[PDB]
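Q: Pasting an experimental structure with its sequence.
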Amino acid sequence: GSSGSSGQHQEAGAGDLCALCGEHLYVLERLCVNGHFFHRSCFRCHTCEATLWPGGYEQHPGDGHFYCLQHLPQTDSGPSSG
Ligand SMILES: [Zn+2]
Ligand SMILES: [Zn+2]
């Protein structure tokens, strides 16, 4: 369309807010993951949404998400297994 409308008032704030929801993060609640911060609660599996503790999870390369060590997929390639 074609119209002359430009003049909104909004803001975001510092880059210290969870990614899942987008709320304020604490110093003992924020999860430094690849630069991005997440809530201890939000941060969970993508198949079982289970609290992914710092040491019991992995971020699959393929897609690029975070899954548990029980659901985490693995690149598919010729098995050529005997
Ligand atoms: Zn969150
Ligand atoms: Zn899982």
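A: Received, thanks. Residues are numbered from 1 along each chain as shown. Ligands and ions are numbered 1, 2, ... in the order given.

Q: got the residues of this structure near ligand 2?
A: 45, 47-48, 68, 71 (Cβ under 5 Å from the ion). All C-beta atoms are positioned from the backbone trio N, CA, C, and that covers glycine.

Q: Check those residues and tell me the two furthest apart.
A: The distance between the two most remote of these (Cβ to Cβ) is 7.4 Å, for 47 and 68.

Q: Of those two, which one has the most company?
A: Legend: neighbour count by other Cβ atoms under 10 Å for residue 47 and residue 68, higher for residue 68 (19 against 13).

Q: what residues are up against the more buried one?
A: 45, 47-48, 50, 52, 56-58 (Cβ atoms under 8 Å, 6 or more residues apart in numbering).

Q: Which stretches in this protein count as helices?
A: In the chain, no helices are defined using DSSP state H.

Q: quick revisit: let's have the residues of the chain next to ligand 2 in a markdown table, adding distance to residue 17.
A: Formatted as a markdown table, the residues of the chain next to ligand 2 follow (distance: Cβ to Cβ, whole Å):
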| residue | distance to residue 17 |
| --- | --- |
| 45 | 22 |
| 47 | 26 |
| 48 | 25 |
| 68 | 25 |
| 71 | 27 |
